[PDB]
Amino acid sequence: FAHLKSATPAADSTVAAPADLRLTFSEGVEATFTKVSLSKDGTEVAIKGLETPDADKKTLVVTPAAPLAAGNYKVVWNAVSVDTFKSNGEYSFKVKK
């Protein structure tokens, strides 16, 4: 099943605001059924949508509905793999001004 292998912004990083988050999994994931929750400083922020731009479907692109301001972010993910195995996890990062 899909485990998170890396992300941009990276886990525990402090970065300038990114236009999207990119999560790389150990297996392909289904963008239609995967779900991601993003929160800033303990409150959910809206997500516009999810994309897997590659044929192998290992990288998931998460676009917020509005630009990411500085703050402390938590990403909660619920992946459905291309073999229909569900997994879940989380990680955090910071956006600096």
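- Listed as the method for this PDB entry is X-ray crystallography; the listed resolution is 1.50 Å.

- The name given to the protein in the PDB entry is CopC, and the organism recorded there is Pseudomonas fluorescens.
- Readers searching the PDB will find this entry under the title "CopC from Pseudomonas fluorescens".

### What to know about the sheet that holds strand β1 (residues 4–8)
Thought 1: Reading across the sheet, the four strands line up as β1-β3-β7-β6 and stay open at both edges, with antiparallel pairing between neighbours. What marks the edges here is a single partner per strand, and that holds for β1 and β6 (47–51). With strand direction ignored, the average angle separating the axes of adjacent strands in the sheet is 20°.
Thought 2: In terms of strand pairing, β1 meets strand β3 (residues 21–25) through four bridges, oriented antiparallel.

### Section: the pattern of salt bridges
Thought 1: The tally for this structure, following the rule as stated, stands at three salt bridges.
Thought 2: Across the pair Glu30 and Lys57 runs a salt bridge whose closest N-O atoms are separated by 3.2 Å. Within this pair, whereas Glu30 is found in the loop between β3 and β4 (35–40), its partner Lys57 is found in the loop between β6 and β7 (59–64), the two being separated by 27 residues in sequence.
Thought 3: Note on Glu30: relative accessible area 22%, which makes it partly exposed.

### Description of the side chain of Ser81
Thought 1: Mapped onto the elements of the fold, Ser81 is located in the loop between β8 (71–80) and β9 (86–95).
Thought 2: Residues in contact with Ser81, not counting those within four places in the same chain, are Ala2, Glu27, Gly28, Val29 and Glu30.

### A few points about the sheet that holds β4
Thought 1: With mixed pairing, five strands are arranged side by side in an open sheet as β2-β9-β8-β4-β5. The sheet is open, and its two borders are formed by β2 (14–15) and β5 (43–45), each paired with just one other strand.
Thought 2: One ladder, built from six bridges, connects β4 with β8; its direction is antiparallel. Along β8, the bridge assignment pairs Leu38 with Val75.

How each quantity is defined
The numbering scheme counts residues from 1 along every chain following its written sequence, independent of the entry's numbering, with residues that lack coordinates not shown. Based on all heavy atoms of the structure, the side-chain values leave hydrogens and waters out of the count. At least two DSSP bridges between two strands are required for those strands to pair. Only DSSP runs of H or I reaching four residues or more are called helices, and only runs of E reaching two or more are called strands; each is numbered from the N terminus. The axes are straight lines fitted to the C-alpha atoms, using for helices just the contacting stretch, and the angles between their N-to-C directions are given from 0 to 180°. Take a side-chain nitrogen of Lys or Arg and a carboxyl oxygen of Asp or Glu: if they are within 4 Å of each other, that pair is a salt bridge. Categorising residues by exposure relies on relative accessible area from a 1.4 Å probe, with only protein chains included: less than 20% of the type maximum marks a residue as buried, more than 50% marks it as exposed, and the intermediate range marks it as partly exposed. Any two residues whose heavy atoms approach within 4.5 Å at even a single point are treated as in contact.

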